[PDB]
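Cβ sites come from the backbone with ideal geometry, for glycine too, and all protein chains shown count toward neighbours. What follows is calculated from the coordinates using simple rules that are stated; it is not laboratory data.
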Amino acid sequence: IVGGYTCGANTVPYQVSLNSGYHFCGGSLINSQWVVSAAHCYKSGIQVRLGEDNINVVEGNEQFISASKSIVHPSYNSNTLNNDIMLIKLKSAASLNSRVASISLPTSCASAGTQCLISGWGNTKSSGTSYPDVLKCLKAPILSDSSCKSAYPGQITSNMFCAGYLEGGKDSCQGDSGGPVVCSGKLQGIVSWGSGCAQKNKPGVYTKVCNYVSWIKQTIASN
Ligand SMILES: [Ca+2]
């Protein structure tokens, strides 16, 4: 997160870190046994780390649980990043309390102008590299489909939305990928892509979760 703020320990209780020896992506806890993340975060050997603030210190609220199964969206295209979503099932159910909690799925899509909270352990510099230990947060609005397409001609599908600031300075970044965009208490986005970080006229691009709720629910129901 570039241009954000320190969230506060466990104030984002659905935020997870995907660990393969090191943090490599975020995710969102959507029930006691399932995490949603970005398909471009797929790899084998994932350990889901819940209840994290400092990802380099054991502070007392962590739950570390191995993935038992990963499911990349059937129609994920790694070239275009269309359908950049994946589900991860936990080998055991997480214990849910106020510091570790699932985030509600949307029943309807969000609109341009809604403010949302975006969070993660990604890079904090736009012309630099600095990775935080503690969870960073950014409040950002959803942008219009037309400004999204204008920023990124020929690249924005119906399964993507832009959020952030056209002026630059405030964005998600490398290492936030897979993490949440939460708007009015619903998971509306997944950190997916963008040209650089926090560049002018290059907002963040997010997977549009509301298009996937039927797939998410049926997948959970059969796995
Ligand atoms: Ca920790």
- Message: Under the rule of at least 5 residues apart or a separate chain, name every residue whose amide H is placed under 5 Å from the amide H of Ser66.
- Response: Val48, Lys91
- Task: Determine the calculated [θ] at 222 nm for the chain from helices alone, applying -39500 (n - 2.57) to every DSSP H run no shorter than 4 residues and normalising by the residue count; nearest 500 deg cm²/dmol.
- Result: -2000 deg cm²/dmol
- Note on the structure: Of the residues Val209, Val57, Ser172, the Cα lying farthest along the dipole of the chain towards its positive end, which is defined by charges on the beta carbon of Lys, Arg, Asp and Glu, belongs to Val209
- Message: Can you compute the charge dipole magnitude of region 116-192 about its Cα centre, using +1 on each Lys and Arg Cβ and -1 on each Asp and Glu Cβ, nothing else charged? Give it in debye, rounded to the nearest 20.
- Response: 80
- Quick one: grab Rg to one decimal and Dmax as a whole number for region 1-144, Cα atoms only, in Å. 15.1, 41
- Message: Can you compute log10 of I(q)/I(0) for region 109-173 with the Debye formula, treating each Cα as one identical point scatterer, at q = 0.18, 0.24 Å⁻¹?
- Response: -0.74, -1.08
- Task: Report the charge-dipole magnitude of the chain in Debye, nearest 20, computed about the Cα centre from +1 at each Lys and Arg Cβ and -1 at each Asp and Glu Cβ.
- Result: 320
- Message: Given an 8 Å cut-off on Cα distances and at least 6 residues of separation, report the relative contact order of the chain as a percent.
- Response: 25
- Ellipsoid semi-axes in whole angstrom, largest first, where each is sqrt(5λ) of the Cα gyration tensor of region 13-89: 23, 12, 10
- Task: Give, as a single signed number, the net charge of other residues whose beta carbon lies under 13 Å from the beta carbon of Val58, with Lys and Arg counted +1 and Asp and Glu -1.
- Result: -4
- Can you give the extra length, in nm with one decimal, that the chain gains between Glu59 and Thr219 once fully stretched, where that is 0.36 nm per residue apart less the Cα-Cα distance? 54.2 nm
- Item | Relative contact order of region 155-204, pairs being alpha-carbon contacts under 8 Å that are 6 or more residues apart, as % | 42
- Task: Assuming a ≥ b ≥ c are the square roots of the Cα gyration tensor eigenvalues, decide whether region 116-223 counts as rounded (a/c under 1.5), prolate (otherwise, with a/b larger than b/c) or oblate.
- Result: oblate
- Query: Using alpha-carbon pairs under 8 Å, 6+ residues apart, how would you state the relative contact order of region 61-130 in percent?
  - Reply: 24
- What does the charge count near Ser70 come to, summing +1 for each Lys or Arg and -1 for each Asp or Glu among other residues with Cβ under 9 Å from its Cβ? +3
- Holding the Cα-Cα limit at 23 Å, pick out from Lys136/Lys200; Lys136/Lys186; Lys186/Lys217; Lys139/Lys217 the pairs that are longer than that. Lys139/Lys217
